[PDB]
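As structure tokens, the next two blocks hold two forms of the same chain, structure 1 and structure 2.
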Structure 1
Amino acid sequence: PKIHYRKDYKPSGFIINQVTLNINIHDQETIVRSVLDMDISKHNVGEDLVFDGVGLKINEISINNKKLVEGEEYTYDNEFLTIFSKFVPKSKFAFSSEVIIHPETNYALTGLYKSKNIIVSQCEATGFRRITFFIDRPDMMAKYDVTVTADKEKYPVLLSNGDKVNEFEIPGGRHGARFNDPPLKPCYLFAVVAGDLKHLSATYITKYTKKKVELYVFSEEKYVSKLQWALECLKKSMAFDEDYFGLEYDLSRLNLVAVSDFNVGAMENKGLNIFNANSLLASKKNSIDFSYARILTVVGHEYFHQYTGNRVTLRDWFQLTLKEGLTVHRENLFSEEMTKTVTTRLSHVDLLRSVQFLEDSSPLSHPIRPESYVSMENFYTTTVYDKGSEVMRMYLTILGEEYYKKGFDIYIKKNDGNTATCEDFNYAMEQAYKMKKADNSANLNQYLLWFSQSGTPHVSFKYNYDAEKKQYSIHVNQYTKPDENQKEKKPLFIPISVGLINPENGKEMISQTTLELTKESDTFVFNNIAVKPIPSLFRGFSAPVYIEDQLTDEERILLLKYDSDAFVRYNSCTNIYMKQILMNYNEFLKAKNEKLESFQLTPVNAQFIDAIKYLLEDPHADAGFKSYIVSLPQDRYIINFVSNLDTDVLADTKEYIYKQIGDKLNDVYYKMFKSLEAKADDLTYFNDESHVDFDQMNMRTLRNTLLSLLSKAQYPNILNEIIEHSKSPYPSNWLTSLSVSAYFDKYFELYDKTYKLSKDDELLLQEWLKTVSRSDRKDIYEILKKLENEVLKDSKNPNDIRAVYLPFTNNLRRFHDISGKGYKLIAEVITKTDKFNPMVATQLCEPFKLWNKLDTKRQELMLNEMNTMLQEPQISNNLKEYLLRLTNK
């Protein structure tokens, strides 16, 4: 197993200047002919010429049109083609090859493969070498001239990067198209697509240059009507990069293509972005609400890569967060502006503090720029993406919008058309910092530790107020726990956005203030503070840290009611729940351990329940925010706070707390459920494909959250409401009716009804599968067996497999059944999937990420399944690397 180290980066001894490809797609094979116009670089030391090439069948290879002899002049071991140096020219030369590949049977969905009746490539990170020989690394920039040929009836639409410069007929029912893309690019941005694609299109005129850009969105014919929202999202994305960043699209055309089989959400190939269908296609009749924000996010993300990833490119894969963290941050600014709802930012924070904080306290913990890797595929992580996005967002918080925009334009102007590293970005921000601080000695050297240091910092507080002096002090400490990456952790540059709330009237007592904590601890003093304030800390979640606010629940309730910042209100509610959860968890755990015949539980704070009611009853308050306050923190957030977490005891703890609150508020929930109906389910714009109302969708989220609370509670006659809800035209509502009917004898009746509604739309059926998978059913193992036998069968579609199994793994009571049967089931699926798709097999490992945080019996059971998986003789390199790291082996 080869380990790549960040510190070992060295430019290649070779240059590839031009790629000329001929890709000939036939029924049983695809023939790839490639000529590489190459040169010797200044770094060359007379080494062998070694190409990446994985699973290629060689027909022939040549240098300067002289055929090379296998064994004497080259060897090939199905991974590397080695041409011995004595046969390599010492100046400009042509390398040519013809290989055979088999997209029909490429179920790993990397390289060139067949998705239903579409041929499509996926080259990031290491898939171009599965198509032809190359030095397959992102600093090998080249020009591409690509011809694709195929059966015309089967494959009438042919696409690759750049301009279509020729189209031609070929004898025997074939045709070809030539695409020339003269600007340099790395090979992972190469793409090709062939199929019977249908489209929608539009023309966009850029803001400044007034260039006409043709926009095309493509899918299979059956679903082409679902493409309209994606086209609107693409127009929105273009406008936002223009408006916020002053950045226009530089090419004549941009194509988006949906395919059914895709390992992730989408890919930013230059001018030819390729999408999982579930992240491009939607309709009001056949999609749940979540599709609309997903498509906005994923179209936005791939569009923003055209600058941050495609125009400014990566030197090497260790810089991945430089394109991903920066592009996720750009998409977050975009979606926040488009949705104009506070729940957009809260949803990103909710994901970070659950999924990413778990990763960062697990054996898999890494910094956003890792020091080493074995498998490139394994470091497309929530750390690199989502913590990287928060590190990219902290520059904006530190600099403010004006100087942030100045520093970003510095980065773009200086690095456009070139490779770059994380240092290049920090340098550009530093130049703006100097400007902002009016101080050419100011620097961001300490900021670089955000790239190199793993683990989540903990930030804690103490306060003091002197009433006679009108002087308030906030004493702040930061600590990062040592881990396997750094024995000694250093203090970070942590920006702490703060307000001070007057508890008598709820008003702001200071203007906008961002504390710059740069030491292990500091004390920030405020004068002319007329009354003791309640501090509003880390507004907007201003650093990706564990916040220990040291506030009383009375203070947190006042912030929840009266603070101006949505994150601090949401966090203050989170913190009240966490205090309760840890207390009741310990009371239940002691009762279990001590085998008590009777014991007491600490009730939920009554003034907190009153504050929830107060907010729920406020007609002026936000529906999406309301849905967060009635929901306990995610299980994966909670687990970061409990050692040896007994999942049964946590399930009992959550049940008690929800029942305490429902026992007081169910009549309120019911009344809101009914009163929200008219606006939440308004059909006025149901047949307007472009009219998308994120507040209305949040009203449905609140209704569907309330209906789940009422259903679990067996609120009187709520089944009537459930049955009526199953008749709604919105899939968010009628799939919710399946979910919440789990508590009633009508479950399988709704199972059949909603299946019939879902079965004729590929993506809707996947959403139905997810709904069944996450159903709170005592017979869920029997239900999953039925899904396997009746619907999933032997599908190799990643969306199918993820839909059936991943939601179930979040079932706290049942996935973690003490027999280990849930662990056994998911391990069987992982090993089965690994035979044909290692990347999706590794995704299916996600529930094991918390293994060493559970109680000791469940730790043992999970570890046993991971060791069983590790002992499979046919295990992929990707799955083996991942499980060796996760098990500290």
Structure 2
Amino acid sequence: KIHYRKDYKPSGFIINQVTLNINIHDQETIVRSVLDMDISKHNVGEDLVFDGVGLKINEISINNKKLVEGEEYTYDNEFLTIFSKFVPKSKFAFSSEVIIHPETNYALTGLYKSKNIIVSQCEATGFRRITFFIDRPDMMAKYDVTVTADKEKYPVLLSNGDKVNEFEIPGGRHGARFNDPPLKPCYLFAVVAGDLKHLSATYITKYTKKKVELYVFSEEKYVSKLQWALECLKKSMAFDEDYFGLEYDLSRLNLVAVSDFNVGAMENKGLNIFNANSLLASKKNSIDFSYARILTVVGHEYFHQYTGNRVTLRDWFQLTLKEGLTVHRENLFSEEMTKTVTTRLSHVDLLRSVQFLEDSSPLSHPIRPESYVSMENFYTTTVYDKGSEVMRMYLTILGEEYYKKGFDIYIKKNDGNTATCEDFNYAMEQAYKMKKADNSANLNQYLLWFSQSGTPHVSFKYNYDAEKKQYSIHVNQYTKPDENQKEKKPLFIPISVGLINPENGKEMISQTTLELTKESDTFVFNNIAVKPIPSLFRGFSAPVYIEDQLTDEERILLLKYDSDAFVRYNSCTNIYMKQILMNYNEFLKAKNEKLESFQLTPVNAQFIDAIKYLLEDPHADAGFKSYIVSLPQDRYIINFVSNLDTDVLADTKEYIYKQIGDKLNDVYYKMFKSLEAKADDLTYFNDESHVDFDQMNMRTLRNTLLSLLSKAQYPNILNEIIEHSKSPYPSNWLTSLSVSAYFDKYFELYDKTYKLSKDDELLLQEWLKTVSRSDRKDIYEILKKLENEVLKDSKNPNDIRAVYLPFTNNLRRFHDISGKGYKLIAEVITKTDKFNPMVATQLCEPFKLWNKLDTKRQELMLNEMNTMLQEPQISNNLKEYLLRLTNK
């Protein structure tokens, strides 16, 4: 069944009130539900059809009378159909009692058990796995929810809204009633039951001075890992107050960590539920990455609230409207909190590798897709991250003042209602008119960012007239046709630009954002005293392929002297890409022609000099430094190479790294040593609320350099690796494991770091990732060992992802020409699909580039996908995904 965006129609029914009784027992959960319903104006005499998946019916009723199966209703484990003649024509009550089984719900959607916690996950279509409903986001209702359970096992009971009663029940049971008066969609329903321990605090809002109770919950074992999350939550509330002027609406906010979770987290009006790996940390038991991760995920779920309780999605095709906007808000927050340029760079790095790959793949879709089969497959980097860049472009175009005005308009015009992407665009259009002082100005073209798939390519030509002091930038845009649009239209592309004086490194013009609205345009600047070097797409101002057409000499100058972090980073990226493409072709030619000898173009010496210059600048940023000594991601590179031979790419990278290392290793070593004091400072190691993003960037730089030195077998570096393994910081001692791969000390550090990791669930998952990603010739044997000794038959998605996904980035080994790596991951996907289709689809990620590889590896991957597609028991999720991915 395929759902089309253009087919939207309001329900012929209304659900005004939901009254739930959820009774949790050892081997079953009984759910009783009364829905106070009505008939809408759009009703035309149709059957009453409820969603309900996997429910065991004890009984159903209309107005307290039992309905009879076959005669009055049918149920096929997916839809409950009540024939219209038995459906009332005014306000009526529908009631049901069903049985569900969270203890065996390993798909982690609906109501399920995670270790000793019962928790729900209803977005997007999970509420129908709990009870019957018209499970769509535009069905708004009031909720009154009662939960009962064994008191010893489940002392803490949580749901949306206010707890209004707590009571004892015979047999050592207890119950709690929660009433949530404001209307909400059912995907925001949540319930939690467990032996939860917590940290708490009180927050006083900025403008109304009201006290908000903040609680963060986990199992008792890890309660000491809750402090950073609580800090992050306070930080999020402060930010939305300061930047957007928005206060929290309710009197309490709960965050709950659970061990088994399909994604990162979920917002549920006051009851936010998190993957433990995105909420829990301690300096002793977490790598540095956890700290930015918790900050962004807690922020993200928090920024969902204000907008979520005023404007609900009309339908799921508007997903990017809530998610792209919330990621944009999350990124603004994260940039302001970390105060490091690597934060924005890391978002760009992710978009241009993972999301660009997706957008040039058979899975390519606009941020507002035209159809879906399985909602779970729609939560993509395109909808989220390209969505966020589209939301961010409004800010670039409008500036802060008018952006913040269009944002307010969108709320006002749409408060209390459902909205669409057009509603948001209309609101910004009003801000655009006010900014341009022109009520004929419009953003109608901007709507193509929602409807048009594929990554635009933007290219440049320049002209300078020295006598006229006149500089011209000629710009061209193009999007490649694909399966979604035969003809692509030009987009509204904002191009933030500067002009750098090559003679002194100074800005030559004020902040300027070119508005490209045609297929091509020419932008002319007068009174330009000398030929500039253009600094293009500052801040990465549009989600596009940038073809800067600059020389490497110009790129080096930008890298050294430009003011914009992204353009410096991109200029470096572009120098590397030119080099990678050149050496790749030279290696490829030698392979194809079976050459006994051949030449390779060396790495630009002035480029190596510039890297040295930056590394040696004490005033330059450590995180930025770690980027400039790293080649572009493999998934970024592949967008530029047809029929990519992964072996040839691996030889290419090897050559380039060795060229630069042969010149700079002594520099790397010196810096690795000199950075130690500040990077590994222990002054605040036992203060869980003290987080220093610069210091963590220094550790990133040290660990990056150590990797480079280890690969290069720098004299006596093993000494440094061994000492590194003794560091209190897990980022350090896990790095010592992965860099020791090049030495016969590896399995000793394997055992040491395992013993350090095994008693913390999340830390062990980081250990697994480190092992999985290790550059080992015997990695296949090592993975087998992990399966047998550690992973076993765990159904925890964190465990499974930890063991397998990092390995799939091993360019040389995962892409083994035998196809053994493809075969291995396909076996894991098919195995996982039996109990968790959402996670099975996640494990398909390496296959997304299948049609970009050399013809042999294309065939190998295709064979595995077709094998998976032929499994009789294949889930709808996995089938849809592989059908789309293989163009069937």
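Here, a residue number simply tells you its place in the sequence of structure 1, counted from 1. The term rigid core refers to the most C-alpha atoms you can superpose between the two forms while keeping them within 1.5 Å.
Superposing the two forms on their core leaves just one of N584, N310, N161, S773 with a Cα displacement of at least 2 Å between structures 1 and 2, namely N310. In this core superposition, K413 moves its Cα by 2.5 Å between structures 1 and 2. When the core is overlaid, the C-alpha of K211 ends up 1.0 Å from its other position between structures 1 and 2. Look at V692: with the core superposed, its C-alpha moves 0.2 Å between structures 1 and 2.
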